[PDB]
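Structure record follows, encoded as structure tokens.
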Amino acid sequence: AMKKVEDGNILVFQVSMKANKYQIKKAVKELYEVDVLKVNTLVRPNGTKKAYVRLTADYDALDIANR
Amino acid sequence: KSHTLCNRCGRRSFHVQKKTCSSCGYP
Amino acid sequence: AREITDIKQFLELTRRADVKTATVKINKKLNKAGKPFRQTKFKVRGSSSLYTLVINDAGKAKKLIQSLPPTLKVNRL
Amino acid sequence: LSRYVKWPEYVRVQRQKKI
Amino acid sequence: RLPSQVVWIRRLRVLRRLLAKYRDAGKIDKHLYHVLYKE
Amino acid sequence: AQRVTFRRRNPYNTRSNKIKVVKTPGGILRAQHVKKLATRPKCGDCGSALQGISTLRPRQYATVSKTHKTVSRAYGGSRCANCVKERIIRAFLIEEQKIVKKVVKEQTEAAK
Amino acid sequence: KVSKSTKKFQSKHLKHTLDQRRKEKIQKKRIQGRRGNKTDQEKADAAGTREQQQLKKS
RNA sequence: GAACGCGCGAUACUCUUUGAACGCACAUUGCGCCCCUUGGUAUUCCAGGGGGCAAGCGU
RNA sequence: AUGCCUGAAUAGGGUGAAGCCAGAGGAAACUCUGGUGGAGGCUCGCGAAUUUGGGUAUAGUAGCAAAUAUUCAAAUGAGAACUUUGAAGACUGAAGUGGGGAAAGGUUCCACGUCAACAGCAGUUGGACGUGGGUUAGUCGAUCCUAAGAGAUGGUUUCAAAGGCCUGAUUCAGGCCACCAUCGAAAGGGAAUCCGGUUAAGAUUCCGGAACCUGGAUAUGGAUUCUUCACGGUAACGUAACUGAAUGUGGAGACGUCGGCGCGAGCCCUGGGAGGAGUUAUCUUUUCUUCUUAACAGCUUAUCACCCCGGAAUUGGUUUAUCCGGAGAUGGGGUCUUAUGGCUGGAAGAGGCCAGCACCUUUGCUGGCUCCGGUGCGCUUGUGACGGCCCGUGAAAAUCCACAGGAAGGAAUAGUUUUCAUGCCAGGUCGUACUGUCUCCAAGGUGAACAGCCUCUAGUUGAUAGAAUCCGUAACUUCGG
Ligand SMILES: [Zn+2]
């Protein structure tokens, strides 16, 4: 996940099982004040949901991670 | 594989063909 | 992708507001006579397609290069 | 056909008692 | 090697092609061509 | 001499999933699923394929102009030319026969 | 060169097809020597028409 | 009574998904309708939140 | 025992039925000869039987759990027959011991650490134990639709008040229509994504490039030509557009099986040339390998069918297959479907094969070639026009389109329409790791009789171990011009 953050400009988050892509995008935008390009979600074997949030090129994911 | 999980009781007693449970009678 | 033959259409495409860059590609190839020549492809993408103009004449390609806007980023090859 | 649908049951019964 | 049907097809096709070519060239008229076709 | 297989969920040789083998720009053989071929529109009277109408899938007709799926003649795009000609001739002759029969009835009831 | 369909059939269906063919052959051989196995057309010919039956009665 | 979670329920050592179980289906976390409200350019679009849906010829 | 719905399969060798063509006999009928054609209770490898998936009804003794073949050197380790690397031998041999899937399993996938227990010897190994990591979709499926059937409502549409829409200067009045919820397929029907790269473990999902489908609001250009819903051709029909209510229809979806013939693509075979590798006591222009082009987009391309002229026995045309013609043949000239090929964009910048130059290090920089052809009773697959047989004219529905009809609307500081072109925005939930009763892909040489033998690509080395037709003739014989 940190490799994705450093290279692919993708922040990896754990989200609730009741949240869809709209809610994840909106929540990232509100909490971290960044523009989200895309959101890809999967359901992990342990019953939790993982989201890859790719941000717009105007933002650096590493700067948000350090912040 | 004649039986599957029953929603009401959680046992492997829901007959797939009959659509009835042999342990709690669901539904 | 799309191929165009009109030079002024290419220039009009490169003059739009939402244009990023244009690619100039050089190919060394043979003609039916066997004499090798230099062929220039000018590629720029519009809204949803990539328009390519193929020019087999060196002088026409040079004139088109000179006629490009000075504020347009050009990718050589 | 089956035109009896033009009369509901209660109308039919209350007219049958009239006869 | 080559079965019967293939060689028969090739022979009949070449014979018909020659007959049509000869009729179109004027060497054979309609009726002699019609006889040779059936033959 | 490379072997290829299906690229989707269906593992059976059904009509729905049919495979062609193509050589990709990577130099390898790969499978590709082919869609069902489109069927030419047919005349509503004789069942012959309509002339001058493009052959597309049912939902692809919604995206093309009306000239690609009609004919300028009456019943164009539904019935062929010969069927329309028969319809015109038959209608005219039926009308003429009706006129003649009406005249005959008028004459035969005029005796009394 | 053997065709693909031939390979698939010989690997899948050849054995039971041959066994069934043998079973039909054996049953036909057994029934050939028995009495009472006649086709519908043969039985119809044997019974005859209504006129033939009335002649046979007379 | 069951499932999933931290005796308890997202306020988790108020009350998730269910269950007589109730909008409709159900071996699917599937498919709808209604009212109010908020946000993203916004009268149309998209989404989020809250609350709901088991007349007669008779007198 | 009999069913029903929806899929897969129904193969191959031999023989050679009707019908047809041409010869010879006879007044016909009819009988022979050759070819063609390609059929079946044909063969080959009252009773029995009759492929298959999913759905749905009526004593430290016996003994080592048996699936062949292992050997040498090195490394790791306390410890090696069993772990790792290299070499040798051997096995599976595309109908695989090879690469995927449905179902089922549920973390068995990957890494690091470990040998207390388990893998019937051992183990430093693991489908074990401990701690972590890993499955990304508008385009692939589910989701939608109905099938046999099931099943609520008052047994499956029945003596049910079972529902929606439209018109109107404001008067609640009037009018139209018929028929039943729902469930039921990850093999049926169905809108749309490809290539290259990338991980220890993820890919049509991520990254780069490239493109489509559906829905929505809207603007611009053009058309709607005197002001009001456009033209051309005898015709088939063509078009950048070119309004169309109720109502009534038509097409696609959408439908048995077999046979030969024609065409395309992939594989196989093969010539030249440009690279690389092996052998070379002798001979061998020698043996192996690279020379690739995706979805999508533009132009062009058609057998069949149809239209116009014309009017035919001295009967012509014609298929491998005998059918067609005054119900209009032969001939001459055209129209159409774009299936499929060709050129181009995508695109050489990708991939591939080489050579050279940099470093105890992520140590990547540079330069070339990636070209031109042939062949088919060959295998796989798609398609076209036909022919034969069986038979309800060969499942339904969702969905899209079109036709008849003539309601209504359209002009003087932006008339009406926007099936023409360009432009803007968006696409939720669940599965995706790994293996795997039904299923997918499938090289070459010998065999010169399906078979068997050997090998290429790719996988293995698993199983307690040690000791004792063929030689001599002749005639013939292939395509075009
Ligand atoms: Zn017709």
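Those sequence lines, one after another, are chains X, j, k, G, R, g and 8. Just so we're on the same page, PDB author numbering is the position in the first sequence counted from 1, plus 71. Just so we're on the same page, PDB author numbering is the position in the second sequence counted from 1, plus 13. Just so we're on the same page, PDB author numbering is the position in the third sequence counted from 1, plus 1. Just so we're on the same page, PDB author numbering is the position in the fourth sequence counted from 1, plus 45. Just so we're on the same page, PDB author numbering is the position in the fifth sequence counted from 1, plus 87. Just so we're on the same page, PDB author numbering is the position in the sixth sequence counted from 1, plus 1. Just so we're on the same page, PDB author numbering is the position in the seventh sequence counted from 1, plus 2. Each residue gets a CB set at the ideal place from its N, CA and C atoms; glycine is no exception.
To test your reading of the DSSP string, which unbroken beta strand (DSSP E) runs of 3 or more residues are found completely within the region 21-46 of chain k? 22-31, 37-46
Do residue 103 (chain X) and residue 135 (chain X) have their beta-carbon atoms positioned less than 7 angstroms apart in this structure? yes
Under 7 angstroms between C-beta atoms of residue 115 (chain R) and residue 124 (chain R): no
Tell me whether the beta-carbon of residue 24 (chain k) lies closer than 7 angstroms to the beta-carbon of residue 9 (chain k). no
Nearest to residue 29 (chain k) by alpha carbon, out of 56 (chain k), 75 (chain k), 46 (chain k)? 56 (chain k)
Determine the extent of the beta strand (DSSP E) in which residue 5 (chain k) is found, giving its start and end residues. 3-5
Find out if the Cβ-Cβ distance for the pair residue 109 (chain X), residue 125 (chain X) is shorter than 7 angstroms. yes
I think residue 33 (chain g) touches residue 21 (chain g), with their Cβ atoms under 8 angstroms apart; what is that distance to the nearest whole Å? 5 angstroms
Consider the C-beta atom of residue 47 (chain 8) and the heavy atoms of ligand 1; say whether any pair is separated by less than 6 angstroms. no
On a Cα-Cα basis, can you pick out the residue from 76 (chain k), 75 (chain k), 47 (chain k) that is closest to residue 13 (chain k)? 47 (chain k)
Looking at C-alpha atoms only, which residue of 132 (chain X), 90 (chain X), 138 (chain X) is the closest neighbour of residue 75 (chain X)? 132 (chain X)
Can you tell me which residues fall inside 5 angstroms of ligand 1, judged by beta-carbon distance to its nearest heavy atom, and keep chain order? 44 (chain g), 46 (chain g), 47 (chain g), 81 (chain g), 84 (chain g)
With hydrogens ignored, establish whether the beta-carbon of residue 11 (chain k) is closer than 6 angstroms to any heavy atom of ligand 3. This structure does not include ligand 3; its bound ligands are ligand 1.
On a CA-only basis, which of 22 (chain k), 4 (chain k), 7 (chain k) is nearest residue 71 (chain k)? Give me that one, please. 22 (chain k)
So, does the region 63-74 of chain g touch the region 92-102 of chain g, judging by three or more C-beta pairs under 8 angstroms? no
What's the gap between the Cα of residue 85 (chain X) and the Cα of residue 120 (chain X)? 6 angstroms
Are there three or more Cβ pairs, one per stretch, closer than 8 angstroms when the region 80-92 of chain g is compared with the region 47-54 of chain g? yes
Determine, using beta carbons only, whether residue 30 (chain g) and residue 61 (chain g) come nearer to each other than 7 angstroms. no
For residue 33 (chain 8), count neighbouring Cβ atoms within 10 angstroms of its own Cβ and tell me buried if that reaches 16, exposed if not. exposed
Residue nearest to residue 127 (chain X) in terms of C-alpha spacing, selected from 111 (chain X), 137 (chain X), 107 (chain X): 107 (chain X)
Is DSSP giving residue 54 (chain g) helix, strand or coil here? coil
Cβ of residue 77 (chain k) within 7 angstroms of Cβ of residue 59 (chain k)? no
Quick check: what's the CA-CA separation for residue 95 (chain R) versus residue 89 (chain R)? 10 angstroms
Do residue 24 (chain j) and residue 39 (chain j) have their C-beta atoms within less than 7 angstroms of each other? no
How many Å lie between residue 69 (chain k) and residue 75 (chain k) at the Cα? 9 angstroms
So for residue 84 (chain g), helix, strand or coil by DSSP? helix
For my contact list, residue 41 (chain k) and residue 27 (chain k) are in at a C-beta cut-off of 8 angstroms; report their separation, rounded to the angstrom. 6 angstroms
CA-to-CA distance, residue 126 (chain R) to residue 8 (chain g), given in whole angstroms: 57 angstroms
Just to confirm before moving on: does the CB-CB distance between residue 3 (chain k) and residue 52 (chain k) stay below 7 angstroms? yes
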